[PDB]
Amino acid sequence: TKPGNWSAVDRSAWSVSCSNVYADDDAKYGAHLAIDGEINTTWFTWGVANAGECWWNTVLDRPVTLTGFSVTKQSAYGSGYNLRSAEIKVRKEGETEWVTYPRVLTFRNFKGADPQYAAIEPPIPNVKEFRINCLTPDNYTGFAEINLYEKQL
């Protein structure tokens, strides 16, 4: 379900963080587990209703012209905690102010390990930092793999 010309951005030099780590167990549910390439490890946290906020953030080492992103199920608990809706903010390189993407992104029921793709239109040039504020579910949520995409040559 991935647009043909999207290229996943290499994540190994990303610096990632999140609002909270479920059970304060960083090794088991920490932010970095969302970008390790493995469906069976996941970021997982309290939703906005409990903890007041719910988000995952990455500082990119190489800024990109962002064409979209993708998320999978979380694999910590039942599918009723998979991400349902989110809002995105980015910060462009050299800027101290953040820009909000003005559309709520909504996801359907995930199928196995398959990601769902959310387009960023038009692509946003020079994204240095990316945050996803998870709106629902508001009790608990997370995701096992997130990727950001840029246009291939």
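Note that residue numbering follows the sequence shown and begins at 1.
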Of 91 to 99 and 121 to 129, the stretch whose C-alpha atoms average the higher B-factor in the entry: 91 to 99
Compare the mean C-alpha B-factor of 100 to 108 with that of 33 to 41 as given in the PDB entry, and name the stretch with the higher value. 100 to 108
Please work out which residue in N57, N50, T67, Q116 has the highest C-alpha B-factor recorded for this crystal structure. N50
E145 by Cα B-factor - lowest, middle or highest third of the modelled chain: lowest
Third assignment of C18 from its chain's C-alpha B-factors: lowest
Which third of the chain does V9 land in by C-alpha B-factor: lowest, middle or highest? middle
